[PDB]
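The next block holds one structure in the form of structure tokens; read it before the comments.
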Amino acid sequence: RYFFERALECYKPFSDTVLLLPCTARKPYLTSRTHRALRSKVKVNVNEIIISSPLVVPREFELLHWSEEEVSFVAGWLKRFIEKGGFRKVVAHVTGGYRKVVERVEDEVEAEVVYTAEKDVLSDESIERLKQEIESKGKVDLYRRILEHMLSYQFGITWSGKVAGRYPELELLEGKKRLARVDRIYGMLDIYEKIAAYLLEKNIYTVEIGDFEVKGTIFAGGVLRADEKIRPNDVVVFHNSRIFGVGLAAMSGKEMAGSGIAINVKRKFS
């Protein structure tokens, strides 16, 4: 519910066309054999949305029996992303139950909806139909959009830098230091000094703490004030008169400044 709503407000397309694809057994979806084979036979320069259940997932957030109720629920969310994205065309490269989901949305959106797959999403006929619908001139840096979207999702900000690492372990670098990196364990971005510094400045996702030596844990009693918008598993930036750091909130911003373990410390800067 939270994922859906937050991703929807942070969703920013770079194309007027969106490609719909089937979810896969292996995740994150971009590393699956099907998605790799597809992107291998056709240069994809339009936005992508992976249809799954119950999750509808724009490719940019992929790192964070089709009953009536299920088709209805998935169609509802898929429609939201299509309309929020303001696409002029929707290319549905999916089959069976997935087409039923898309078929539900087609009748409610202004966008043109074309179907390019019948039986096999990877057949020579399907890839030719697909190419004829999304063929594009140059290229797009999908990795940068993904990292930018995760920053937006988690902190409501964006940042520039060099994109590095092997997918899905991407990083954003500035100078010769990392600004952020994908944490495959927690499925979110870990941030470093410059960003945490920026968040501290704008006083967002910040928590003021007592003047004690920080070591691993910060209990609620050690928290002076905290951003009320802070939710449990959120990355927060704590600080006092001598240091500031990065950690994982264990409780809401309300519980901290209220009345257990408040933050699991990842690192700190002098």
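Labeling convention for the structure tokens: chains A, B, ... as they appear, residues from 1 per chain, ligands from 1 in order of appearance.
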Any idea what's packed within 12 Å of residue 166 (chain A), counting only C-alpha atoms, ignoring anything in its chain fewer than 3 positions away? Could you give it as an MDAnalysis selection string? chainID A and resid 31 143 163 169:172 181:182
Convert the current residue selection to file output with C-alpha atoms, as a compact mmCIF listing (two decimals), in the first residue's frame.
# COMPACT_ATOMS: atom_id res chain seq x y z
CA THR A 31 18.60 -9.91 -14.26
CA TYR A 143 20.80 2.73 -14.35
CA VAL A 163 26.99 5.45 -11.94
CA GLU A 169 24.84 -3.65 -7.06
CA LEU A 170 24.88 -0.12 -8.46
CA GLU A 171 26.64 2.86 -6.89
CA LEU A 172 26.70 6.61 -7.44
CA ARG A 181 24.95 2.34 -3.18
CA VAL A 182 22.31 -0.36 -3.49
May I have the residues within 12 Å of region 99-101 of chain A as number ranges by chain, using only C-alpha atoms and disregarding those fewer than 4 positions away in the same chain? A: 20-22, 51-54, 56, 65-79, 91-95, 105-108, 113-119, 121
Expected file contents, prior selection, N, CA, C and O atoms, as a compact mmCIF listing (two decimals), in the first residue's frame:
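Output (out-v5.txt):
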# COMPACT_ATOMS: atom_id res chain seq x y z
N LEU A 20 5.04 -2.86 -21.33
CA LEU A 20 4.57 -3.71 -20.24
C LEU A 20 5.17 -5.11 -20.43
O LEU A 20 5.15 -5.67 -21.53
N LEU A 21 5.71 -5.66 -19.34
CA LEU A 21 6.36 -6.95 -19.36
C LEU A 21 5.89 -7.89 -18.25
O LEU A 21 5.39 -7.46 -17.22
N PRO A 22 6.08 -9.20 -18.45
CA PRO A 22 5.65 -10.15 -17.42
C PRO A 22 6.68 -10.25 -16.30
O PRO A 22 7.88 -10.06 -16.53
N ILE A 51 4.43 -6.30 -14.89
CA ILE A 51 3.15 -6.68 -14.27
C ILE A 51 3.35 -7.94 -13.43
O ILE A 51 3.89 -8.95 -13.90
N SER A 52 2.91 -7.87 -12.18
CA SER A 52 3.01 -9.00 -11.26
C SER A 52 1.76 -9.02 -10.38
O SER A 52 0.76 -8.36 -10.69
N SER A 53 1.81 -9.77 -9.29
CA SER A 53 0.69 -9.85 -8.36
C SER A 53 1.19 -10.06 -6.94
O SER A 53 1.93 -11.01 -6.67
N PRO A 54 0.77 -9.20 -6.00
CA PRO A 54 -0.13 -8.06 -6.21
C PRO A 54 0.58 -6.81 -6.74
O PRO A 54 -0.07 -5.82 -7.05
N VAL A 56 2.62 -4.12 -9.05
CA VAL A 56 2.79 -3.55 -10.37
C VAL A 56 4.07 -2.77 -10.12
O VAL A 56 4.12 -1.95 -9.20
N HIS A 65 -4.10 -17.62 -10.08
CA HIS A 65 -4.65 -17.95 -11.39
C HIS A 65 -5.44 -16.79 -12.00
O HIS A 65 -6.43 -17.00 -12.70
N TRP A 66 -4.98 -15.57 -11.73
CA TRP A 66 -5.62 -14.36 -12.25
C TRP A 66 -7.13 -14.33 -12.07
O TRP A 66 -7.89 -14.26 -13.04
N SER A 67 -7.56 -14.39 -10.82
CA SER A 67 -8.98 -14.35 -10.49
C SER A 67 -9.49 -12.94 -10.77
O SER A 67 -8.70 -12.03 -11.01
N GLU A 68 -10.81 -12.77 -10.72
CA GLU A 68 -11.43 -11.47 -10.96
C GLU A 68 -10.92 -10.40 -10.00
O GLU A 68 -10.55 -9.31 -10.42
N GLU A 69 -10.89 -10.72 -8.71
CA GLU A 69 -10.43 -9.78 -7.68
C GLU A 69 -8.97 -9.39 -7.90
O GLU A 69 -8.57 -8.25 -7.66
N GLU A 70 -8.17 -10.35 -8.34
CA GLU A 70 -6.75 -10.15 -8.58
C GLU A 70 -6.52 -9.30 -9.84
O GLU A 70 -5.70 -8.37 -9.83
N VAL A 71 -7.23 -9.62 -10.92
CA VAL A 71 -7.09 -8.85 -12.15
C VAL A 71 -7.56 -7.42 -11.87
O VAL A 71 -6.93 -6.45 -12.28
N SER A 72 -8.67 -7.31 -11.15
CA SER A 72 -9.24 -6.03 -10.79
C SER A 72 -8.26 -5.18 -9.99
O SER A 72 -8.05 -4.00 -10.29
N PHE A 73 -7.66 -5.78 -8.96
CA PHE A 73 -6.71 -5.08 -8.12
C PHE A 73 -5.45 -4.66 -8.87
O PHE A 73 -5.00 -3.52 -8.74
N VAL A 74 -4.87 -5.57 -9.66
CA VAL A 74 -3.66 -5.22 -10.40
C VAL A 74 -3.94 -4.16 -11.48
O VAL A 74 -3.13 -3.27 -11.71
N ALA A 75 -5.09 -4.26 -12.14
CA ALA A 75 -5.47 -3.30 -13.17
C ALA A 75 -5.58 -1.90 -12.56
O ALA A 75 -5.15 -0.92 -13.14
N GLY A 76 -6.18 -1.82 -11.37
CA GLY A 76 -6.35 -0.55 -10.69
C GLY A 76 -5.04 0.19 -10.52
O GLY A 76 -4.94 1.37 -10.86
N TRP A 77 -4.03 -0.50 -9.99
CA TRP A 77 -2.72 0.11 -9.80
C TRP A 77 -1.96 0.37 -11.09
O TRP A 77 -1.35 1.43 -11.26
N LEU A 78 -2.02 -0.59 -12.02
CA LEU A 78 -1.34 -0.42 -13.30
C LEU A 78 -1.84 0.85 -14.00
O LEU A 78 -1.04 1.62 -14.56
N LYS A 79 -3.16 1.05 -13.96
CA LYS A 79 -3.77 2.22 -14.57
C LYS A 79 -3.21 3.51 -13.98
O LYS A 79 -2.96 4.47 -14.70
N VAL A 91 2.61 -0.32 -24.86
CA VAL A 91 2.90 -1.54 -25.61
C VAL A 91 2.86 -2.71 -24.63
O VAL A 91 3.77 -2.89 -23.82
N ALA A 92 1.80 -3.51 -24.72
CA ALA A 92 1.64 -4.66 -23.84
C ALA A 92 2.34 -5.91 -24.37
O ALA A 92 1.77 -6.65 -25.16
N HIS A 93 3.57 -6.15 -23.92
CA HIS A 93 4.29 -7.33 -24.38
C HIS A 93 4.11 -8.44 -23.36
O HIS A 93 5.06 -8.84 -22.67
N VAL A 94 2.89 -8.95 -23.28
CA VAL A 94 2.55 -10.00 -22.33
C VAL A 94 1.47 -10.88 -22.93
O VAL A 94 0.82 -10.50 -23.91
N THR A 95 1.25 -12.04 -22.32
CA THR A 95 0.25 -12.97 -22.82
C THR A 95 -0.63 -13.53 -21.72
O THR A 95 -0.37 -13.33 -20.53
N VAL A 105 -7.49 -2.13 -18.31
CA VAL A 105 -6.99 -0.76 -18.31
C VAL A 105 -7.17 -0.03 -19.64
O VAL A 105 -7.48 1.16 -19.68
N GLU A 106 -6.94 -0.76 -20.74
CA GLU A 106 -7.06 -0.18 -22.06
C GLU A 106 -8.34 0.63 -22.23
O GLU A 106 -8.31 1.73 -22.76
N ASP A 107 -9.46 0.08 -21.76
CA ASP A 107 -10.75 0.75 -21.88
C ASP A 107 -10.92 2.00 -21.01
O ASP A 107 -11.90 2.73 -21.16
N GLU A 108 -9.99 2.24 -20.10
CA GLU A 108 -10.12 3.39 -19.22
C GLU A 108 -9.08 4.49 -19.39
O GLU A 108 -9.17 5.54 -18.76
N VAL A 113 -3.29 1.53 -26.91
CA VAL A 113 -2.77 0.30 -26.35
C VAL A 113 -2.62 -0.72 -27.47
O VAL A 113 -3.60 -1.05 -28.14
N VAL A 114 -1.40 -1.20 -27.66
CA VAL A 114 -1.10 -2.18 -28.69
C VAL A 114 -0.55 -3.46 -28.05
O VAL A 114 0.19 -3.40 -27.08
N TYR A 115 -0.93 -4.61 -28.60
CA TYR A 115 -0.46 -5.89 -28.09
C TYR A 115 0.53 -6.49 -29.08
O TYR A 115 0.24 -6.62 -30.26
N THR A 116 1.71 -6.84 -28.59
CA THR A 116 2.77 -7.36 -29.46
C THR A 116 3.15 -8.82 -29.26
O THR A 116 4.01 -9.35 -29.97
N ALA A 117 2.51 -9.49 -28.30
CA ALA A 117 2.84 -10.88 -28.02
C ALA A 117 1.64 -11.82 -28.01
O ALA A 117 0.62 -11.56 -27.36
N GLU A 118 1.76 -12.92 -28.74
CA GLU A 118 0.72 -13.94 -28.80
C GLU A 118 1.41 -15.29 -28.65
O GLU A 118 2.10 -15.75 -29.56
N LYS A 119 1.24 -15.91 -27.48
CA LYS A 119 1.83 -17.22 -27.18
C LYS A 119 3.20 -17.14 -26.53
O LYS A 119 3.42 -17.69 -25.46
N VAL A 121 6.50 -14.39 -25.65
CA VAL A 121 7.03 -13.03 -25.65
C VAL A 121 8.41 -12.97 -26.33
O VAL A 121 8.86 -11.90 -26.75
Neighbouring residues of residue 235 (chain A) were defined as those with any atom within 10 Å, considering only C-alpha atoms; residues of the same chain fewer than 3 positions away were excluded. Please report them as a ChimeraX atom specification. /A:154-155,188-191,196,205-206,230-232,238,246-250,263-266
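Our summary of the geometry notes that CA of residue 168 (chain A) is positioned 27.3 Å from CA of residue 216 (chain A).
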Mind checking DSSP for region 1-202 of chain A and telling me the alpha helix (DSSP H) residues as a compact mmCIF listing (two decimals) with N, CA and C atoms, in the first residue's frame?
# COMPACT_ATOMS: atom_id res chain seq x y z
N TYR A 2 1.86 1.22 0.92
CA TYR A 2 2.81 2.31 1.06
C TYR A 2 3.68 2.40 -0.19
N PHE A 3 4.18 1.24 -0.61
CA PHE A 3 5.03 1.16 -1.79
C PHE A 3 4.32 1.77 -2.99
N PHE A 4 3.09 1.32 -3.22
CA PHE A 4 2.28 1.79 -4.34
C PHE A 4 2.10 3.30 -4.36
N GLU A 5 1.71 3.85 -3.23
CA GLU A 5 1.47 5.28 -3.13
C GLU A 5 2.73 6.13 -3.25
N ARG A 6 3.81 5.69 -2.62
CA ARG A 6 5.05 6.44 -2.66
C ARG A 6 5.71 6.35 -4.03
N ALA A 7 5.67 5.17 -4.63
CA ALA A 7 6.27 5.01 -5.95
C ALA A 7 5.50 5.85 -6.96
N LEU A 8 4.18 5.90 -6.80
CA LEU A 8 3.34 6.67 -7.70
C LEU A 8 3.65 8.16 -7.65
N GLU A 9 3.95 8.70 -6.47
CA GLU A 9 4.23 10.13 -6.43
C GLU A 9 5.66 10.47 -6.85
N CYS A 10 6.54 9.47 -6.85
CA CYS A 10 7.94 9.68 -7.24
C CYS A 10 8.24 9.26 -8.68
N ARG A 33 16.45 -14.25 -17.07
CA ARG A 33 16.78 -14.68 -18.42
C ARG A 33 15.83 -14.10 -19.46
N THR A 34 14.53 -14.07 -19.16
CA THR A 34 13.56 -13.53 -20.10
C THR A 34 13.83 -12.05 -20.41
N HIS A 35 13.91 -11.21 -19.38
CA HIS A 35 14.16 -9.79 -19.63
C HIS A 35 15.50 -9.58 -20.34
N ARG A 36 16.53 -10.31 -19.93
CA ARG A 36 17.82 -10.16 -20.60
C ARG A 36 17.76 -10.58 -22.07
N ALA A 37 17.10 -11.70 -22.36
CA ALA A 37 16.98 -12.17 -23.74
C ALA A 37 16.25 -11.12 -24.58
N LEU A 38 15.16 -10.59 -24.03
CA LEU A 38 14.38 -9.57 -24.72
C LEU A 38 15.21 -8.33 -25.04
N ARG A 39 15.83 -7.77 -24.01
CA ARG A 39 16.65 -6.57 -24.19
C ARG A 39 17.88 -6.85 -25.04
N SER A 40 18.14 -8.13 -25.28
CA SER A 40 19.27 -8.54 -26.09
C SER A 40 18.89 -8.49 -27.58
N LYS A 41 17.63 -8.79 -27.87
CA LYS A 41 17.13 -8.80 -29.23
C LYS A 41 16.52 -7.47 -29.69
N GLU A 68 -10.81 -12.77 -10.72
CA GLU A 68 -11.43 -11.47 -10.96
C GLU A 68 -10.92 -10.40 -10.00
N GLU A 69 -10.89 -10.72 -8.71
CA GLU A 69 -10.43 -9.78 -7.68
C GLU A 69 -8.97 -9.39 -7.90
N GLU A 70 -8.17 -10.35 -8.34
CA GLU A 70 -6.75 -10.15 -8.58
C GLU A 70 -6.52 -9.30 -9.84
N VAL A 71 -7.23 -9.62 -10.92
CA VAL A 71 -7.09 -8.85 -12.15
C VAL A 71 -7.56 -7.42 -11.87
N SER A 72 -8.67 -7.31 -11.15
CA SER A 72 -9.24 -6.03 -10.79
C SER A 72 -8.26 -5.18 -9.99
N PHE A 73 -7.66 -5.78 -8.96
CA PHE A 73 -6.71 -5.08 -8.12
C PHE A 73 -5.45 -4.66 -8.87
N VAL A 74 -4.87 -5.57 -9.66
CA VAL A 74 -3.66 -5.22 -10.40
C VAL A 74 -3.94 -4.16 -11.48
N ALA A 75 -5.09 -4.26 -12.14
CA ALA A 75 -5.47 -3.30 -13.17
C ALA A 75 -5.58 -1.90 -12.56
N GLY A 76 -6.18 -1.82 -11.37
CA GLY A 76 -6.35 -0.55 -10.69
C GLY A 76 -5.04 0.19 -10.52
N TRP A 77 -4.03 -0.50 -9.99
CA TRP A 77 -2.72 0.11 -9.80
C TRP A 77 -1.96 0.37 -11.09
N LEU A 78 -2.02 -0.59 -12.02
CA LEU A 78 -1.34 -0.42 -13.30
C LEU A 78 -1.84 0.85 -14.00
N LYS A 79 -3.16 1.05 -13.96
CA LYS A 79 -3.77 2.22 -14.57
C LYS A 79 -3.21 3.51 -13.98
N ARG A 80 -3.02 3.52 -12.66
CA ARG A 80 -2.48 4.68 -11.97
C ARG A 80 -1.11 5.08 -12.47
N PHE A 81 -0.24 4.09 -12.66
CA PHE A 81 1.11 4.37 -13.16
C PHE A 81 1.09 4.85 -14.61
N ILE A 82 0.22 4.25 -15.42
CA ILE A 82 0.11 4.64 -16.82
C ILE A 82 -0.40 6.08 -16.92
N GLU A 83 -1.42 6.41 -16.14
CA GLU A 83 -1.97 7.76 -16.17
C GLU A 83 -1.04 8.80 -15.52
N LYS A 84 -0.35 8.40 -14.46
CA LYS A 84 0.59 9.31 -13.80
C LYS A 84 1.75 9.58 -14.76
N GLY A 85 2.16 8.54 -15.48
CA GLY A 85 3.25 8.68 -16.43
C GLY A 85 2.89 9.51 -17.65
N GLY A 97 -3.21 -14.44 -18.88
CA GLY A 97 -3.74 -13.67 -17.77
C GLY A 97 -3.30 -12.22 -17.72
N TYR A 98 -2.07 -11.94 -18.14
CA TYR A 98 -1.55 -10.58 -18.13
C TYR A 98 -2.29 -9.68 -19.10
N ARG A 99 -2.67 -10.21 -20.25
CA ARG A 99 -3.40 -9.42 -21.23
C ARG A 99 -4.75 -9.03 -20.66
N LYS A 100 -5.33 -9.91 -19.84
CA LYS A 100 -6.62 -9.62 -19.22
C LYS A 100 -6.48 -8.40 -18.33
N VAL A 101 -5.36 -8.30 -17.62
CA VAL A 101 -5.13 -7.15 -16.74
C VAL A 101 -5.08 -5.89 -17.61
N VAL A 102 -4.25 -5.92 -18.64
CA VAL A 102 -4.09 -4.79 -19.55
C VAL A 102 -5.41 -4.44 -20.25
N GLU A 103 -6.12 -5.47 -20.68
CA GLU A 103 -7.39 -5.25 -21.36
C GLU A 103 -8.34 -4.43 -20.49
N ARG A 104 -8.30 -4.66 -19.18
CA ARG A 104 -9.14 -3.90 -18.26
C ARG A 104 -8.79 -2.42 -18.28
N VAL A 105 -7.49 -2.13 -18.31
CA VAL A 105 -6.99 -0.76 -18.31
C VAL A 105 -7.17 -0.03 -19.64
N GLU A 106 -6.94 -0.76 -20.74
CA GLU A 106 -7.06 -0.18 -22.06
C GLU A 106 -8.34 0.63 -22.23
N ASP A 124 10.32 -15.00 -32.65
CA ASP A 124 10.81 -14.08 -33.68
C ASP A 124 9.70 -13.15 -34.15
N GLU A 125 8.47 -13.65 -34.13
CA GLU A 125 7.33 -12.86 -34.56
C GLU A 125 7.01 -11.79 -33.51
N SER A 126 7.07 -12.17 -32.24
CA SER A 126 6.80 -11.23 -31.16
C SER A 126 7.87 -10.14 -31.11
N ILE A 127 9.14 -10.50 -31.25
CA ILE A 127 10.19 -9.48 -31.22
C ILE A 127 10.10 -8.55 -32.44
N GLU A 128 9.62 -9.06 -33.58
CA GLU A 128 9.49 -8.19 -34.75
C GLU A 128 8.34 -7.21 -34.53
N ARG A 129 7.25 -7.69 -33.95
CA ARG A 129 6.09 -6.83 -33.66
C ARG A 129 6.50 -5.78 -32.64
N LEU A 130 7.29 -6.20 -31.65
CA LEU A 130 7.75 -5.28 -30.62
C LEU A 130 8.64 -4.20 -31.23
N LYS A 131 9.63 -4.60 -32.03
CA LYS A 131 10.52 -3.63 -32.65
C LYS A 131 9.73 -2.60 -33.46
N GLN A 132 8.69 -3.06 -34.13
CA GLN A 132 7.90 -2.15 -34.95
C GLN A 132 7.07 -1.16 -34.17
N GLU A 133 7.00 -1.34 -32.85
CA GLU A 133 6.24 -0.44 -31.97
C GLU A 133 7.12 0.47 -31.12
N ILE A 134 8.33 0.03 -30.78
CA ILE A 134 9.20 0.83 -29.91
C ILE A 134 10.57 1.21 -30.47
N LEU A 142 19.37 3.79 -18.22
CA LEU A 142 18.40 3.25 -17.28
C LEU A 142 18.91 3.18 -15.83
N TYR A 143 20.19 2.86 -15.67
CA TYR A 143 20.80 2.73 -14.35
C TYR A 143 20.73 4.02 -13.54
N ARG A 144 20.93 5.15 -14.20
CA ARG A 144 20.86 6.44 -13.53
C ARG A 144 19.43 6.76 -13.09
N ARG A 145 18.45 6.42 -13.93
CA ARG A 145 17.05 6.68 -13.60
C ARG A 145 16.64 5.87 -12.36
N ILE A 146 17.13 4.63 -12.30
CA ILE A 146 16.84 3.74 -11.18
C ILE A 146 17.37 4.31 -9.86
N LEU A 147 18.63 4.74 -9.87
CA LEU A 147 19.25 5.30 -8.69
C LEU A 147 18.57 6.61 -8.31
N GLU A 148 18.25 7.43 -9.30
CA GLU A 148 17.58 8.70 -9.03
C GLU A 148 16.21 8.45 -8.41
N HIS A 149 15.50 7.43 -8.90
CA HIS A 149 14.18 7.11 -8.38
C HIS A 149 14.22 6.56 -6.97
N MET A 150 15.30 5.86 -6.62
CA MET A 150 15.39 5.31 -5.27
C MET A 150 15.65 6.42 -4.26
N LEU A 151 16.45 7.40 -4.65
CA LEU A 151 16.75 8.55 -3.80
C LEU A 151 15.45 9.33 -3.56
N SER A 152 14.70 9.52 -4.64
CA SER A 152 13.42 10.23 -4.59
C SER A 152 12.47 9.48 -3.66
N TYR A 153 12.34 8.17 -3.89
CA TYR A 153 11.49 7.32 -3.08
C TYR A 153 11.81 7.45 -1.58
N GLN A 154 13.05 7.17 -1.23
CA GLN A 154 13.51 7.20 0.17
C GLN A 154 13.67 8.56 0.84
N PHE A 155 14.14 9.56 0.10
CA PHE A 155 14.38 10.87 0.69
C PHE A 155 13.69 12.05 0.03
N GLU A 193 28.45 10.43 3.37
CA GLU A 193 28.60 11.79 3.89
C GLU A 193 27.91 12.99 3.24
N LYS A 194 28.17 13.23 1.96
CA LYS A 194 27.59 14.37 1.26
C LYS A 194 26.07 14.41 1.28
N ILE A 195 25.44 13.27 1.03
CA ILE A 195 23.98 13.22 1.02
C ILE A 195 23.41 13.40 2.41
N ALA A 196 23.94 12.65 3.38
CA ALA A 196 23.51 12.75 4.77
C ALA A 196 23.66 14.21 5.22
N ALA A 197 24.74 14.84 4.77
CA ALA A 197 25.03 16.24 5.10
C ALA A 197 23.93 17.12 4.52
N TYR A 198 23.54 16.83 3.29
CA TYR A 198 22.48 17.59 2.64
C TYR A 198 21.17 17.42 3.40
N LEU A 199 20.82 16.18 3.74
CA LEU A 199 19.58 15.90 4.47
C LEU A 199 19.58 16.60 5.85
N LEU A 200 20.74 16.62 6.49
CA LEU A 200 20.88 17.26 7.80
C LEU A 200 20.61 18.75 7.65
N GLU A 201 21.15 19.34 6.59
CA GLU A 201 20.96 20.76 6.30
C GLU A 201 19.49 21.10 6.17
As a count of residues only, please: the residues near residue 46 (chain A) (cut-off 9 Å, only C-alpha atoms, same-chain neighbours under 6 positions excluded). 10
So that I can check the secondary structure, give me every residue of region 131-261 of chain A assigned strand (DSSP E) by backbone DSSP, as a PyMOL selection string. chain A and resi 162-164+171-174+177-183+188-191+206-209+217-219+223-226+235-239+244-249+261
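Relative to CA of residue 178 (chain A), CA of residue 212 (chain A) is found at 27.5 Å.
Across the model, the gap from CA of residue 237 (chain A) to CA of residue 203 (chain A) is 9.2 Å.
The protein and nucleic acid residues lying at most 7 Å from residue 219 (chain A) are residues 222, 260, 261, 262 and 263 of chain A, with only C-alpha atoms considered and sequence neighbours fewer than 3 positions away removed.
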Go ahead and write the residues just picked, C-alpha atoms, as a PDB file, in the first residue's frame.
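Produced file part-v6.pdb, reproduced below:
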ATOM      1  CA  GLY A 222      19.231   9.158  23.796  1.00  0.00           C
ATOM      2  CA  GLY A 260      13.645   0.359  23.075  1.00  0.00           C
ATOM      3  CA  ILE A 261      16.229   0.609  20.297  1.00  0.00           C
ATOM      4  CA  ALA A 262      15.690   3.788  18.285  1.00  0.00           C
ATOM      5  CA  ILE A 263      18.370   3.501  15.597  1.00  0.00           C
TER       6      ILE A 263
END
Per residue of region 29-104 of chain A within 7 Å of region 109-112 of chain A, record the nearest atom pair and its distance in Å to one decimal, counting only C-alpha atoms, with rows in chain order and ascending residue number, as CSV.
residue,atom,partner,partner_atom,distance
A:87,CA,A:111,CA,6.3
A:88,CA,A:111,CA,4.6
A:89,CA,A:112,CA,4.7
A:90,CA,A:112,CA,6.1
Selection to disk with C-alpha atoms, as a compact mmCIF listing (two decimals), in the first residue's frame:
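The resulting file, out04.txt, is reproduced below:
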# COMPACT_ATOMS: atom_id res chain seq x y z
CA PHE A 87 2.12 7.99 -21.74
CA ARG A 88 0.65 8.42 -25.22
CA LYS A 89 1.15 4.74 -26.00
CA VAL A 90 1.19 1.49 -24.02
